[PDB]
Amino acid sequence: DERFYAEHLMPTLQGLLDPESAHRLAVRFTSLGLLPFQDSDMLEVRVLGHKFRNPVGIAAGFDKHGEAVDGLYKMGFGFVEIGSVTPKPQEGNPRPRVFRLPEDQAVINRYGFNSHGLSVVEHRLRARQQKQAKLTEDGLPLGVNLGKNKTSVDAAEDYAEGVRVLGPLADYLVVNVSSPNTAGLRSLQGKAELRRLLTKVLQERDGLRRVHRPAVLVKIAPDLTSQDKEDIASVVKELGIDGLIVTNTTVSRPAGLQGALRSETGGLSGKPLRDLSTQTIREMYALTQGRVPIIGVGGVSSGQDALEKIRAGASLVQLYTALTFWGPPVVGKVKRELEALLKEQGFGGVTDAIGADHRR
Ligand SMILES: Cc1cc2nc3c(=O)[nH]c(=O)nc-3n(C[C@H](O)[C@H](O)[C@H](O)COP(=O)(O)O)c2cc1C
Ligand SMILES: N#C/C(C(=O)Nc1ccc(-c2ccccc2)cc1)=C(/O)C1CC1
Ligand SMILES: O=C(O)c1cc(=O)[nH]c(=O)[nH]1
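Below, the structure is given as structure tokens:
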């Protein structure tokens with residue numbers, strides 16, 4: 034129940050544990066299915085070669101190693117993304133590396149891709165691969181988000197290894213070139229780098245057998261220049277990339293942040309990123325002429341937040357940070373409010389609202 038979690042459970046949990054410990058305990062509880073809304077057809081969306089029974093997903097970073105997929109579907113998410121996963125295991129940055137900004141409903145993290153590695157996650161997904169095939173057919177798809185190791189010398193070979201190893205187990209894969217916490221990674225977003233990296237990714241993906249061939253998406257940052265966005269849009273059309281994830285966390289620090297920890301290094305998420313993300317979705321949708329599916333992510337904690345990103349051009353949305361403040365009831369809250377607003381605004385379902393701001 035919303036108020037109980039919002040007002041009692043979550044604050045108490047937050048007073049008791051540092052945020053990294055709270056996150057680990059939350060993954061454990063979720064993966065055991067220790068948690069307590074029926075989805076309307078208005079919320080169903082068809083995109084990326086799949087049906088999604090509702091358009092609200094959990095963003096990458098919550099379940100980094102694939103341990104809690106089924107408990108996430110049970111929380112009400114229409115789709116789950118895990119990762120980012122790197123080819124070899126690696127520890128990530130020294131602690132502390134995650135900071136709560138409760139007066140801003142924000143988080144700053146600099147995990148640095150702590151990952152159990154491809155092999156461990158491959159085994160975990162294979163142990164439930166046929167159960168995921170049926171979830172997917174029932175409208176509950178799985179994405180896998182790929183990163184690169186810290187000491188790797190050849191970024192494109194790290195991503196290609198992830199497509200070869202986890203591509204056969206995913207409905208879509210994400211080439212995450214926008215973490216702000218791995219040195220040099222964001223420079224993969226530049227025109228020449230990106231084109232060469234994505235050509236190699238797509239060749240690897242196309243060499244998979246047909247029933248194991250995922251869609252491929254690129255996840256980008258909220259901090260790009262106008263020139264960067266134009267170059268991304270052009271590469272994405274030139275290569276037939278299947279969609280974009282918009283956006284990762286920001287390295288900016290918007291005026292007015294009150295949290296005592298606002299000057300920690302790392303990516304900032306939650307409310308202060310919300311409109312910078314929505315504006316990036318609006319611009320990428322226009323530059324791609326509405327023809328490249330976008331998954332909208334950054335500061336979503338309500339139905340109105342989801343629908344804004346929807347009308348700016350997103351076909352699906354994701355959240356993470358709002359879960360850390362509101363807990364599990366936020367998921368049904370976002371869905372029930374989104375459905376009430378679609379009705380109030382005269383849309384037949386999510387699908388008719390996608391990109392609607394661009395048609396006024
Ligand atoms: C604690 C933390 C860890 C994250 N780790 C990843 C990650 O490994 N891969 C990734 O693509 N995005 C990662 N993200 C970014 C989220 O997927 C999402 O893009 C961002 O947090 C904005 O959404 P939100 O405001 O709803 O949290 C992480 C975010 C947070 C808060
Ligand atoms: N701080 C913090 C939290 C956090 O509190 N996460 C969280 C998410 C879901 C729950 C929850 C509560 C009840 C059942 C299942 C999950 C609890 C904590 C995070 O997930 C990220 C690293 C900062
Ligand atoms: O591992 C992390 O540091 C991480 C990766 C990512 O893509 N985004 C982020 O905010 N943190």
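Residues 34 to 69, 73 to 396 in the authors' numbering are what the sequence shown spells out, letter by letter.
Where a beta carbon is used, it is the ideal one built from N, C-alpha and C, also for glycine.
Proximity of residue i and residue j at Cβ, strictly below 7 Å
i    : j    : result
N129 : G148 : yes
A192 : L253 : no
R160 : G102 : yes
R222 : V271 : no
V81  : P69  : no
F73  : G368 : yes
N145 : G183 : no
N181 : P123 : no
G349 : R310 : no
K265 : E344 : no
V282 : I330 : yes
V83  : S351 : yes
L293 : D140 : yes
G107 : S155 : no
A269 : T324 : yes
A206 : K236 : no
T357 : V143 : yes
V121 : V60  : no
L178 : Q165 : no
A163 : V333 : no
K110 : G66  : yes
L312 : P365 : no
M43  : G363 : yes
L137 : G295 : yes
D267 : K227 : yes
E375 : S76  : yes
Closer than 6 Å: residue i CB and nearest ligand 1 heavy atom
i    : result
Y195 : no
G306 : yes
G339 : no
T357 : yes
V333 : yes
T218 : no
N284 : yes
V81  : no
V252 : no
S120 : yes
Distance cut-off 6 Å: residue i Cβ against heavy atoms of ligand 5
i   : result
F62 : Of the ligands one can find in the structure shown, namely ligand 1, ligand 2 and ligand 3, none is ligand 5.
Residue range of the unbroken beta strand (DSSP E) whose run includes residue i
i    : result
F135 : 134 to 137
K236 : From DSSP, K236 is part of no beta strand (DSSP E) but of the alpha helix (DSSP H) over 227 to 242.
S120 : 115 to 121
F88  : 86 to 88
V282 : 279 to 282
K255 : 251 to 256
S305 : 303 to 306
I390 : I390 -> no beta strand (DSSP E), and no H or E assigned at all.
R82  : 81 to 83
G363 : Careful: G363 lies outside any beta strand (DSSP E) and carries neither H nor E.
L154 : Careful: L154 lies outside any beta strand (DSSP E), inside the alpha helix (DSSP H) at 154 to 162.
Heavy atom of ligand 2 within 6 Å of residue i beta-carbon
i    : result
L68  : yes
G48  : no
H41  : no
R136 : yes
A296 : no
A59  : yes
Heavy atom of ligand 3 within 6 Å of residue i beta-carbon
i    : result
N212 : yes
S215 : yes
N90  : no
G93  : no
Residue interval of the alpha helix (DSSP H) (run including residue i)
i    : result
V213 : Segment: none, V213 is in no alpha helix (DSSP H) and carries neither H nor E.
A59  : 52 to 64
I346 : 339 to 348
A291 : Taken as a continuous stretch (DSSP letters only), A291 belongs to no alpha helix (DSSP H), as it is neither H nor E.
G334 : Looking at the DSSP string, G334 is not in any alpha helix (DSSP H), and its letter there is neither H nor E.
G198 : 191 to 202
*At a cut of 8 Å, does the stretch 76 to 89 reach the stretch 168 to 175 through at least three beta carbon pairs?*
yes
*At a cut of 8 Å, does the stretch 302 to 317 reach the stretch 270 to 277 through at least three beta carbon pairs?*
no
*contact_flag[the stretch 280 to 295, the stretch 208 to 225] where n(CB pairs < 8 Å) is 3 or more*: yes
*Quick check: the stretch 239 to 254 against the stretch 332 to 347, are there 3 or more CB pairs under 8 Å?*
no
*Given 8 Å as the limit, is there contact between the stretch 129 to 145 and the stretch 192 to 202, that is, 3 or more CB pairs closer than that?*
no
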